[PDB]
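Data block below; observations after.
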Amino acid sequence: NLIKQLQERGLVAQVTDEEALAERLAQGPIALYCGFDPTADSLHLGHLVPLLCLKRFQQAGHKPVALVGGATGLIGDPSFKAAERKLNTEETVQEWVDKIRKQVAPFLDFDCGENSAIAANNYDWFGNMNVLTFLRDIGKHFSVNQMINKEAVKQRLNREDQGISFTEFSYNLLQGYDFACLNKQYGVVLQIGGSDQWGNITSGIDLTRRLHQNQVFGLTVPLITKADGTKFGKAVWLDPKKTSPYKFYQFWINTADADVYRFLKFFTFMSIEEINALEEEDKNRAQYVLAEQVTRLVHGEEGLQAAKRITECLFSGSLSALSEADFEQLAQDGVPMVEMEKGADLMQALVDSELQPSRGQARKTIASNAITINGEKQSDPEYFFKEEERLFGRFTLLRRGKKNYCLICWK
Amino acid sequence: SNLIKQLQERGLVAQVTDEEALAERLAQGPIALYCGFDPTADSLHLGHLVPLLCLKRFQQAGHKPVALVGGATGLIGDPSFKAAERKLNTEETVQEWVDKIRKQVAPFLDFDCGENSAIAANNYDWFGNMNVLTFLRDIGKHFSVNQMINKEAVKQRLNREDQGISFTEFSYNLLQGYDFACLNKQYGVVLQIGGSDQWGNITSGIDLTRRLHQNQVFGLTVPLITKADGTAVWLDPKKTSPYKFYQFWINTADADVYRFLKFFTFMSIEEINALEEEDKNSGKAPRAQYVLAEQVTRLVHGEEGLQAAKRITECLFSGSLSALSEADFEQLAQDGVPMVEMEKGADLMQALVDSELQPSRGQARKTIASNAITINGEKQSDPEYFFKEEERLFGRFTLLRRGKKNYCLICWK
Ligand SMILES: Cn1c(=O)ccn([C@@H]2O[C@H](COS(=O)(=O)NC(=O)[C@@H](N)Cc3ccc(O)cc3)[C@@H](O)[C@H]2O)c1=O
Ligand SMILES: Cn1c(=O)ccn([C@@H]2O[C@H](COS(=O)(=O)NC(=O)[C@@H](N)Cc3ccc(O)cc3)[C@@H](O)[C@H]2O)c1=O
Ligand SMILES: [Cl-]
């Protein structure tokens, strides 16, 4: 039973008419969907939870529909958002749509028969829909009394200063209709999303009954929390140009012991049995398994090997295994970096990188044997870098003591 | 000279935005103004006539009136001060009503008087081809839901779910708001008038004309019809006959008659004041109701309508129904007097029971004998009388009367 299997992973926040959904799933394959709005040029870790859930359903033989909000991205979802967002341009939203669609596609199977994935975009129906048609055909089924009582907008309906525009207030109708539209087009009978999407989902269920006289279901995943009350992902992007695979891998390695088992359940396809066994076997690790699984899932085997290779080289000081592409990950976000003109001495490089406060102090620190250049000790305070120390003619990795790195990027 | 001041003296100004700046704009020269009317029926009623005649009052002062018919807004429904959600009307029915209202409105305005000639407009022209995203982004971004839910016209609808408001009717304010921006761009319309319930829809239009066209526009509302005691009359003669319309004005209370002359006639304020002064110093009952009845009936139904209404009134009081035509009796059958559909060959006594002029046959016998029953103005005291074929006027109409004022028209079949 798929619903019970998801509940055991702690992946079910809320579910409608649950007994009936479980019975529908057990009977045969269904079509389901989750939408993702284009509010940036990439998805982030938070978005990964329902995206992996679409895959969990597909592995059970169901048909996933990944909707990208080409139309909803021009409106703005206010759900549990403290402030009104500035409208984005049509050209920006279109660019983000294509990037998000391309990022989503490798997570699902588009070539596996009847249950092959479908990419959808709500601009296909809203982009040319007449205003009177929308207000009459869709709007008439929506009670403003119920809308103002949706939890997702209550913090926006107390004062105009932290208020809500008619634009963002209409959002709930667009997501609501998307569900009716997908039900009619593909027979989609389930919509999943994070717990903040509950109200947008239930409006879709009700509208589908009113428009198409069809019974559909909703299921939400909990919004991932940290035991120490801090905000999760604080952002970790899926795009390697925004968050390098090394940084991505490191974020998972540094998961708190209190979160690692929940994160294994949420971000991996590891069985609940292996995770429970890992928890018991660790009390007599999990972070290493988590980092490995999620880095491989998002950045591939090559991304994972790069992340591990960079981690080992930094821990050891032996950099010979690093490629120029690995140094590009370090320069992007892996370690602090400083741009310097060739000809700078070791003392100046220590000052400019802020590893040392002055040339006079840097001289003593160098003399004390605290400094490595590409992993090799250098204790001559009057030292100038050799050309061979500018790896690929561009990079020199400085270290002060055991762990304070700064990458020099030669101009 | 000062038009706002003149309308204020008539008691025709409920509210007005920037009374000073609008008075300045009107004094600089002619302006374009508008009022809209939604197709929610196949005719306008007396309530709708007050702003419509104000469009004429502005036109007489040299201004250009635009009469808009809500081809798009009639498909949405105005919730302003309405206790309940209205059912949606079909596109076909709204189009029929749009044509009827446009045609009924047109004779009230001059479409041939130079630069200030009237314009007939329809908001379906811009809403019929507007996409939903364009509306939500370009128009909706300027509207605060916090302000919208607090507007007097809809706040009472947000008290209980079972007596609520749909998103459709909630969006109405944005549509009327955008209409003001369009007419400002298309015709240079700087003023919107309407009844007091339209204040919120008008101010949304003023504000939206600023955000979209960067122009200063004005609003002016006329008061809703209130009676000094605390208590529909259609313009279409097939719904409210010229006779029933005339009678409604005749029966206006003394407390309301002078206000109604100001609201519903083109009589100057000096003439109305002189009439009030005459009725207060004459030493008799007022004659103002007759002046009001004559003015508004001739205005809405023409000289022929007024003359038919006066003719029907005269014949009912006198008794002689000879001057009455088949068309006149059709007005009486419609709404002029209580009416009863009866099978020919019926007894007098039995016609008094069915018409509810009598409780029973035995009781009707005593009333007939007492000489209190008239058939087409003629006395009949024979308790068993049947009815002659000739007194079925035009082979179908017989007018009964018990005493001096209790009438019932028998319509034969
Ligand atoms: C666990 N978790 C997080 O920590 C953060 C987000 N999410 C879910 O990811 C999905 C995509 O997020 S979103 O903000 O882009 N989604 C929306 O704005 C939806 N209104 C997009 C949409 C959905 C359906 C539709 O027909 C049209 C547009 C969300 O499910 C979010 O909850 C997490 O799960
Ligand atoms: C004095 N009085 C009344 O007693 C009753 C009504 N009115 C005004 O008549 C005008 C027409 O009434 S309505 O119900 O057809 N009007 C509406 O529904 C507007 N929302 C139509 C409209 C207006 C502008 C626009 O851009 C689009 C549609 C109203 O002014 C009403 O207040 C009286 O004056
Ligand atoms: Cl050097």
- Task: Select from segment A:375-411 the residues that are part of a loop (DSSP other than H, G, I, E, B) and among the hydrophobic types (A, V, I, L, M, F, W, C) and write down the one among them that is farthest from ligand 2 (Cβ to nearest atom).
- Result: A:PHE385
- Unique match (being assigned by TED's automatic domain parsing to the domain that holds A:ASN121 and on the phi > 0 side of the Ramachandran plot) among A:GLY176, A:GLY163, A:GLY204, A:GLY187: A:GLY187
- Can you find even one residue in segment B:103-117 that is of a type in the set (A, V, I, L, M), under 24 Å from B:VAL189 (Cβ atoms) and over 21 Å from the mean Cα position of the chain (by Cα)? no
- Taking into account only those residues within segment A:229-246 that are under 13 Å from the mean Cα position of the chain (by Cα) and of a type in the set (D, E, K, R), which is nearest to A:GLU302 (Cα to Cα)? A:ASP239
- Consider B:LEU55 against the criteria (1) touching a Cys at 6+ places or on another chain (Cβ under 7 Å); (2) surrounded by fewer than 21 Cβ atoms within 10 Å (Cβ to Cβ): it satisfies all of them except one. Which criterion is unmet? (2)
- Among the helices (runs of 4 or more DSSP H) contained in segment A:217-310, which hold 1 or more residues that are within 16 Å of ligand 1 (Cβ to nearest atom)? A:245-253, A:257-267
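Going by the conditions given, is A:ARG390 basic (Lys, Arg) and more than 16 Å from ligand 3 (Cβ to nearest atom)?
Working: basic (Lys, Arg): yes; more than 16 Å from ligand 3 (Cβ to nearest atom): no.
No.
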- Task: Hand me the list of helices (runs of 4 or more DSSP H) wholly inside segment A:319-374 holding 3 or more residues that are outside the structural domain of A:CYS406 (by TED's automatic domain parsing) and away from ligand 1 (no atom under 16 Å from the Cβ).
- Result: A:324-329
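Would you mind listing the helices (runs of 4 or more DSSP H) fully within segment B:97-183 where at least 1 residues are closer than 21 Å to B:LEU75 by Cα and more than 9 Å from chain A (Cβ to nearest Cβ)? Please lay out each step first, then the result.
Numbers: elements: B:124-127, B:145-148, B:152-155.
Those helices (runs of 4 or more DSSP H) span B:124-127, B:152-155.
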- Message: Where the second residue is loosely packed, with under 14 Cβ neighbours inside 10 Å and the first is of a type outside the set (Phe, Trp, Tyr) and lies in segment B:238-255, which pairs have Cβ atoms under 6 Å and are six or more apart or on separate chains?
- Response: B:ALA255/B:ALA228
- Are any residues in segment B:28-75 closer than 27 Å to B:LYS238 by Cα and in a loop (DSSP other than H, G, I, E, B), and if so, which ones? B:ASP38, B:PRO39, B:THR40, B:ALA41, B:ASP42, B:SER43, B:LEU44, B:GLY70, B:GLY71, B:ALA72
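Tell me the residue from B:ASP38, B:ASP18, B:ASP42 that is among the charged types (D, E, K, R) and either within 16 Å of ligand 3 (Cβ to nearest atom) or in contact with a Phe, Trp or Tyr (Cβ under 6 Å, 6 or more places away or on another chain) (or both), please.
B:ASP42
If I filter segment B:59-71 for residues that are more than 16 Å from ligand 1 (Cβ to nearest atom) and within 14 Å of chain A (Cβ to nearest Cβ), do I get at least one hit?
Keep residues of segment B:59-71 that are more than 16 Å from ligand 1 (Cβ to nearest atom), which gives B:59-71.
Pick out the ones that are also within 14 Å of chain A (Cβ to nearest Cβ) and you get B:70-71.
Within segment B:59-71 (the criterion being more than 16 Å from ligand 1 (Cβ to nearest atom) and within 14 Å of chain A (Cβ to nearest Cβ)), the answer is yes, since at least one residue qualifies.
For segment B:182-201, which residues satisfy the criterion of being hydrophobic (A, V, I, L, M, F, W, C), under 23 Å from B:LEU136 (Cβ atoms) and surrounded by fewer than 24 Cβ atoms within 10 Å (Cβ to Cβ)?
The initial filter retains those residues of segment B:182-201 that are hydrophobic (A, V, I, L, M, F, W, C), namely B:182-183, B:189-191, B:193, B:199.
Then drop every residue that is not under 23 Å from B:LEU136 (Cβ atoms), which leaves B:182-183.
Of everything in segment B:182-201, just one residue is hydrophobic (A, V, I, L, M, F, W, C), under 23 Å from B:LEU136 (Cβ atoms) and surrounded by fewer than 24 Cβ atoms within 10 Å (Cβ to Cβ), namely B:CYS182.
Give the residue, chosen from B:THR90, B:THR73, that is away from ligand 3 (no atom under 16 Å from the Cβ), polar (S, T, N, Q) and under 20 Å from the mean Cα position of the chain (by Cα).
On the way: B:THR90 fails: under 20 Å from the mean Cα position of the chain (by Cα).
Of B:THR90, B:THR73, the one residue that is away from ligand 3 (no atom under 16 Å from the Cβ), polar (S, T, N, Q) and under 20 Å from the mean Cα position of the chain (by Cα) is B:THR73.
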- Message: Cβ-Cβ distance below 8 Å, separation of 6 or more or different chains: which pairs start in segment A:342-354 with a residue that is away from ligand 2 (no atom under 16 Å from the Cβ) and end on one that is basic (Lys, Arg)?
- Response: A:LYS342/A:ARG390; A:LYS342/A:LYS411; A:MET347/A:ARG359; A:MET347/A:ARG363; A:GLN348/A:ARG359; A:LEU350/A:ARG400; A:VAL351/A:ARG359
- Note on the structure: Screening B:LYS64, B:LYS56, B:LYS82 for residues that are more than 16 Å from the chain's Cα centre (by Cα) and more than 30 Å from B:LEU158 (Cβ to Cβ) leaves only B:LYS64
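Restricting to segment B:26-40, count the residues that are near ligand 2 (Cβ under 9 Å from one of its atoms) and among the small types (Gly, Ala, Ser). Before you say what the answer is, go through the steps one by one.
So the first thing to find is which residues in segment B:26-40 are near ligand 2 (Cβ under 9 Å from one of its atoms), and the list is B:34-40.
Imposing the further condition that a residue be among the small types (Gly, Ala, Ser) reduces the set to B:36.
Within segment B:26-40, residues that are near ligand 2 (Cβ under 9 Å from one of its atoms) and among the small types (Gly, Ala, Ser) number 1.
Taking the options A:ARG400, A:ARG363, name whichever one is under 23 Å from A:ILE310 (Cα atoms), away from every other protein chain (no Cβ under 14 Å) and away from ligand 3 (no atom under 16 Å from the Cβ). Please lay out each step first, then the result.
Working: A:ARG363 fails: under 23 Å from A:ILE310 (Cα atoms).
One residue alone meets the criteria, A:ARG400.
As a convention, Cβ positions derive from the backbone with ideal geometry for all residues, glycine included, and neighbour counts pool all protein chains shown. The values are calculated or read from the model by the stated rules, or taken from the named source; none is laboratory data.
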